[PDB]
Amino acid sequence: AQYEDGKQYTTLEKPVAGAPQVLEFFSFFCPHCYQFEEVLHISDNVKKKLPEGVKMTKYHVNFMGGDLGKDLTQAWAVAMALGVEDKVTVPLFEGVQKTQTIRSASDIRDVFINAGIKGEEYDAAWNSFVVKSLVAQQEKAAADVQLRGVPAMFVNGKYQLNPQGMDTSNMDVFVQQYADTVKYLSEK
């Protein structure tokens with residue numbers, strides 16, 4: 001066939017009931033995640049091709065960058081709660097991987113302040129129980145699929161994207177292949 005299990009995707013032997021439709025996992029410490037976000041714009045090109053009525057979820061993971069890695073998952077929780085994902089994603093990636101000016105929770109906070117979120121509003125979010133269960137959600141979802149690597153994408157708690165089985169000669173072609181695969185898996 002054209003799309004085959006083990007080729008453009010793998011199947012979970014242990015399917016996750018009630019999982020979000022399109023589920024992406026990343027880390028601001030993850031070099032391919034930086035590529036996926038800033039160079040390839042994967043999340044975005046997938047969205048562009050999903051049949052609509054399908055919602056996209058992206059979560060941060062703990063298993064990279066030790067203590068800062070966890071701070072980053074809480075900060076991504078804050079980001080989701082405030083709806084400012086689109087304003088901090090790029091300065092968080094560049095602060096962690098490009099300029100390396102993010103070394104502490106306080107530096108993470110600076111990114112949000114500079115993006116225009118107010119100090120009081122950030123600190124309030126940061127410390128809120130609505131942020132704590134949102135952290136819990138990110139951790140539960142990664143736990144449910146035994147996640148040990150990022151970037152990772154899962155469709156309907158049963159299929160996992162397998163980007164190693166796609167041509168990387170051209171970056172545009174890779175993105176479209178990746179996105180069409182998500183759309184196929186989505187219609188499955």
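Method-wise, the PDB entry is recorded as coming from X-ray crystallography, at a reported resolution of 2.1360 Å.

A. Spatial organisation of the sheet that holds strand β5 (residues 159-161). Spatial strand order, β1-β5-β4-β2-β3: five strands in an open sheet with mixed pairing. For this open sheet the edge positions go to β1 (9-11) and β3 (56-60), each flanked by a neighbour on one side alone. Strand-to-strand twist of the sheet, defined as the mean angle between neighbouring strand axes without regard to direction, takes the value 25 degrees. Examined bridge by bridge, strand β2 (residues 22-26) and β3 share five bridges and lie parallel to one another. Across the sheet, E24 pairs through a bridge with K58, a residue of β3.

B. Spatial organisation of the environment of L82. Inspection of the secondary structure assignment puts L82 in helix α3 (residues 66-82). Put simply, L82 and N156 are 74 residues apart on the chain and 26 Å apart in space, counted from C-alpha to C-alpha. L82 has contacts with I117, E121 and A125, leaving out every residue within four places of it along the chain.

C. Fine view of the state of the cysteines. Taken as a whole, this structure holds one disulfide when the rule is applied. The disulfide partner of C30 is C33, and the gap between their sulfur atoms is 2.1 Å. Taking the torsion about the sulfur-sulfur bond, which here is approximately 80 degrees, the covalent link between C30 and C33 counts as right-handed. Residue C33 is classed as buried on the basis of its relative accessible area of 3%.

D. Molecular detail of the pattern of salt bridges. This model, assessed by the stated rule, comprises seven salt bridges. Here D107 makes a salt bridge to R103, at a shortest N to O gap of 3.6 Å. Classification of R103 by relative accessible area gives exposed; the value is 58%. The shortest N-O distance in the salt bridge between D123 and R109 comes to 2.7 Å. With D123 in helix α6 (residues 119-127) and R109 in helix α5 (residues 105-114), the pair connects residues that are 14 residues apart, well separated along the chain. What makes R109 partly exposed here is its relative accessible area of 27%. Three or more residues joined by partner-sharing salt bridges are found here, namely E24, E37 and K58.

E. Seen up close, the pairing of β2. Summarising burial for β2: five of the five residues are buried, a large majority. Here β2 shows no split at all, with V22, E24 and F26 on one side and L23 and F25 on the other all buried. Judged from the four bridges that link them, β2 and strand β4 (residues 152-155) form a sheet pairing that is antiparallel. Directly across from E24, in β4, lies its bridge partner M153.

F. Layout of unusual backbone geometry. The amide bond that connects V150 to the next residue, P151, takes the cis arrangement and shows omega of -5 degrees. Structurally, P151 can be placed in the loop between α7 (129-144) and β4. Despite not being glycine, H41 shows a phi value in the positive range, around 55 degrees. Assignment of secondary structure puts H41 in the loop between α1 (31-39) and α2 (42-49). Within the chain, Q146 stands out as a residue other than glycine whose phi angle is a positive 50 degrees. The exposure class of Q146 is exposed, given its relative accessible area of 63%.

G. Up close: the packing of aromatic side chains. Summed over all chains, the structure comprises 16 aromatic pairs. Measuring from ring centre to ring centre gives 4.8 Å for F28 and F93, while their planes differ by 70 degrees; the resulting arrangement is edge-to-face. Remark: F93 occurs in helix α4 (residues 85-98) and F28 occurs in the loop between β2 and α1; sequence separation between them is 65 residues. Taking relative accessible area as the criterion, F93 reaches 1% and is therefore assigned buried. Every member of this aromatic cluster is reached through a ring pair, and the members are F26, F28, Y34, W76 and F93. A cation over an aromatic ring shows up here: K58 above the ring of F26, its NZ or CZ 5.6 Å from the ring centre. Here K132 stacks its cationic end above the ring of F129, 5.4 Å away from the centre of that ring.

Thresholds applied
Residues numbered from 1 in each chain as written, not as in the entry; some residues may be left out. Heavy atoms only, no water. Pairing = 2+ DSSP bridges. Helix = DSSP H or I, 4+ residues; strand = E, 2+ residues; numbered from the N terminus. Axes fitted to C-alpha atoms, helices over the stretch in contact; angles between N-to-C directions. Contact = heavy atoms within 4.5 Å. Disulfide = S-S within 2.5 Å. Buried < 20%, exposed > 50% of the residue type's maximum accessible area, 1.4 Å probe, protein only. Salt bridge = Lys/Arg side-chain N within 4 Å of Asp/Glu carboxyl O. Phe/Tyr/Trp six-rings, centres within 6.5 Å; stacked < 30°, edge-to-face > 60°. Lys NZ or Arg CZ within 6 Å of the ring centre and 35° of its normal.

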